[PDB]
Structure formats: C-alpha cells, structure tokens
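Shown below, as structure tokens, is a lone chain in the form deposited in one PDB entry; questions about how it binds or moves come after it.
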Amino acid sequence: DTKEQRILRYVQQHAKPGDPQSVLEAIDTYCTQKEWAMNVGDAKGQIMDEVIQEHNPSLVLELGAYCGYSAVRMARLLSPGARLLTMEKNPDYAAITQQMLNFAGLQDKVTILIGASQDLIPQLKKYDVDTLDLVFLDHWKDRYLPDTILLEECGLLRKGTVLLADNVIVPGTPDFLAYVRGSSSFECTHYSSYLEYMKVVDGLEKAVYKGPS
C-alpha cells in the first residue's frame, strides 16, 4: 500500500466521477490534510490554467505524470479533438495516472507513454507527432536543459511553441533558465508562486578512504 494508491483510493471514495474539477479538489484536499505529495498544487495550477487558456494548444506534452494531477488539470481545459501526451518512466505511477484519468473521464484526451523522456522524445515523430504546441516540464530537474535541446534537435518545436517549466527556483534549474533566457530562440516570462511546504528526496553519501590504488 503506497502513498500514491492511498491518493487514488481517496479520489475514488470522495470525488464525483466524470468531474475533473472534483478530482483536483479531492487530491488537493488529501495532500493538504493527510499526506503531502509532489503534485503541482492549486496555486500553481491556476497559473497553468491561464497558460493553457492563453495559448490554446491542440497537442500538449507533459514530462512527469506521477499521479496525474497536472494531466487532469490541463486535459480538462482542452478543446474537442485536442490531445495530451504525458511521459512517465515509473510504470506504477503510469498505472495510477491512468486510473485517475478514467475516474475523471479524460482517458479519451490523454495518452500515457511509459518510459524516460530522453528515450521517448526521439521517438515522438514515430508516434505520429509533427510539432508540439505546449510542453510542461515537471520531471527530474537535471533533464530540463537536455530535454529542451533534444526537442529542438528532433524538430518537435515550432515557432510559437510554449515551454512551461515547474520548480525552476525550488529546488531550482539554473542551467535551464540560463539557457532559455540567454538564448534568442526563447522569449521567457517568470511566474512566481508561493509554497507552504515541499519535500524532495535527498541523501548523504559516506565514503571511507581505503588507501591509494
């Protein structure tokens, strides 16, 4: 029994099926009252809502699904015929995200691609993608810069394609920011958002010296 399964169970018990906004409320409620989880949250979610509405994407790519909160958030605003692709390297998370999408009624608009972004992005052309309208970066932070460049190299960006990256301050993605800001090929805007709490996995390494080689 994992934290992600508990989140899913809570949504299924409490949210109104077929109601994406109800699902978002349930996840937000559970993760502010019972167990914190790394969803993007409602405050950031409102920023994402405005970006989607302002830029009117038909094909969205999400890097990092986890439990599907941001996938539900974005997919519920898409016009008929529009589609969301979300890449998730953790197959347990992908399985949870699918259940979340089913309960929200959005499975017709979202396709989960299981795998690492650095492996799946060079295949997107094979997946019948020409270019993307909007990309949401919310996976491992050391992938922001390489994946952005990878999207360029693979010809998946068009003039006007929007990149929206989360957590560029906390924990921070300074190399990615230096690239897109400094580069004339990217016009950048920053949106601040206050966080009450965030927990990320970290660790220490102990290394005992055993003598030269």
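Each residue number is its position in the shown sequence, starting from 1. Here, rigid core means the biggest group of C-alpha atoms that superpose within 1.5 Å across both forms.
In what follows, reference is made to the form deposited in another entry, a form of this protein that is not presented.
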Core fit, then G41 C-alpha moves 2 Å or more between this form and the one not shown: yes
Yes/no, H190 Cα shift of 2 Å or more between this form and the one not shown with rigid core fixed: no
Large Cα move at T173 between this form and the one not shown, threshold 2 Å, rigid core: yes
Inter-Cα distance between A165 and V40 in the other entry, nearer or further [3 Å or more]: farther
Note on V40-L163 C-alpha separation in the other entry, which departs from the shown form by 3 angstroms or more: farther
